[PDB]
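# Architecture and fold: a report
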Amino acid sequence: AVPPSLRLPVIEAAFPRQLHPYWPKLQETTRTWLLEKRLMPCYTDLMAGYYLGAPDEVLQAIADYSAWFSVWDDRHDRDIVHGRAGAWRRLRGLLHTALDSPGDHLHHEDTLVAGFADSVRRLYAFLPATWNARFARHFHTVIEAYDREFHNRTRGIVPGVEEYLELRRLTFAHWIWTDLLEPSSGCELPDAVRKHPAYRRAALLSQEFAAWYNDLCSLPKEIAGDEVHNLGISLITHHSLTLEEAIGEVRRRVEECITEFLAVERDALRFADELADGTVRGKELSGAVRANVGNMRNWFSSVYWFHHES
């Protein structure tokens, strides 16, 4: 049930889908939140196949943040095609402020900002302040990355290949989704653990696959819409690739993500085994790493099948 150019047999054979038991209540509860926040007149299935093991309240807050994220991206796109640079700048500034102090913005006149503030307020309630500050530091970067995308897209500038890859780690919010692994498994990871090279590399590859596979699926539509910002378009524009050639290159980069992930997933799980040193704290850290890496794995199949279902 998958067009041959988009089919990844290793995902189909070796990454069995998982579904969180709270999924049936997720979409309606998110709809109710969007309605209460006046953010509409779904990515919830995507999240339910990703953050396995999350407490119901954690998954619900992630789903609401994820849905808020979809509304912000629609607004961003509309400001882009209407060239509303003043409106975008003001939103960009309000989101930076609301991120650091959400409580002051819970009833802001801009419903997108008030909804962001409540979403982030709820995410800040699961782990210690040090995790909250990490999330904020990471999302400040996402906001500025969205600003560089506004710059490129309003001016019709196609970024270079590495320039796009570096930017897309930020607009896709790679490190936000990675941060959210930790409230899902109930444990803030020490820097020495989450900065372990196997943990970092596993987390990166999971996110690269998701962002690059999205670009692969959307490439034909986006070149026909004269878009910029897609890995295939940077390759066409800057490496003189034809469309078929760019589809083949993105596809190979996507396939290699998988097998590179399988190798580093072994290293991350060995590390998880090393953390279980016979102490209670070590067992806790080991289970958290193993749960987090398992969800890094779940991202692959959740994203793959989401594209073909939605």
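Every chain here is numbered from 1 following its written sequence, a scheme that can differ from the numbering in the entry; residues without coordinates are not drawn. Calculated side-chain values reflect all of the structure's heavy atoms, with hydrogen atoms and water omitted. Residues with missing side-chain atoms are left out of burial classes, side-chain pairs and their counts.

### Some details on the packing of aromatic side chains
Each aromatic pair joins two rings of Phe, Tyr and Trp (for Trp, the six-membered one) with centres within 6.5 Å, and gets the label stacked for planes under 30 degrees apart, edge-to-face for over 60, and tilted for any other angle. Tallying each qualifying case throughout the model produces 31 aromatic pairs. Look at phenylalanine 69 and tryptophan 72: their rings are 5.4 Å apart centre to centre, the planes differ by 50 degrees, and that puts the pair in the tilted class. On the criterion of helical spacing, the pair formed by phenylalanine 69 and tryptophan 72 is a turn pair, its members being three residues apart in helix α4 (residues 56–81). The same class applies to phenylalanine 69 as to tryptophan 72, namely buried. One residue, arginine 297, lies across the ring of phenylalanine 15, its end atom 4.2 Å from the ring centre. Each helix is a run of DSSP H or I of at least 4 residues and each strand a run of E of at least 2, with the numbering of both proceeding from the N terminus. Each residue gets one of three labels from its accessible area relative to the maximum for its type: buried under 20%, exposed over 50%, partly exposed in between, using a 1.4 Å probe on protein chains only. Here, a charge over a ring is recorded when the distance from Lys NZ or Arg CZ to the ring centre is within 6 Å and its angle to the ring normal is within 35 degrees.

### Points about the nonpolar core
By nonpolar core we mean a set of buried residues, namely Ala, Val, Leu, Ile, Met, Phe, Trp, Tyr and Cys, connected to one another through side-chain atoms within 4.5 Å. If you look at the biggest cluster of nonpolar residues, it comprises 99 residues, and the most contacted ones within it are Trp68, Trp72, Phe135 and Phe139. By definition in these notes, contact holds between two residues if any of their heavy atoms fall within 4.5 Å. Not counting the four nearest positions on each side in its chain, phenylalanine 139 is found in contact with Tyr65, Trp68, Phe69, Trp72, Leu99, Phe116 and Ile176.

### Considerations on the UniProt feature "binding site: Mg(2+) 2" in the protein
UniProt positions are given in the numbering used here, feature names are shortened, and annotations may be inferred rather than shown by experiment. The UniProt entry lists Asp73 and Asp77 under the feature "binding site: Mg(2+) 2", expressed in the numbering used here. Since its relative accessible area comes to 25%, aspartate 73 is described here as partly exposed. Position of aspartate 77 relative to the elements: it lies in helix α4.

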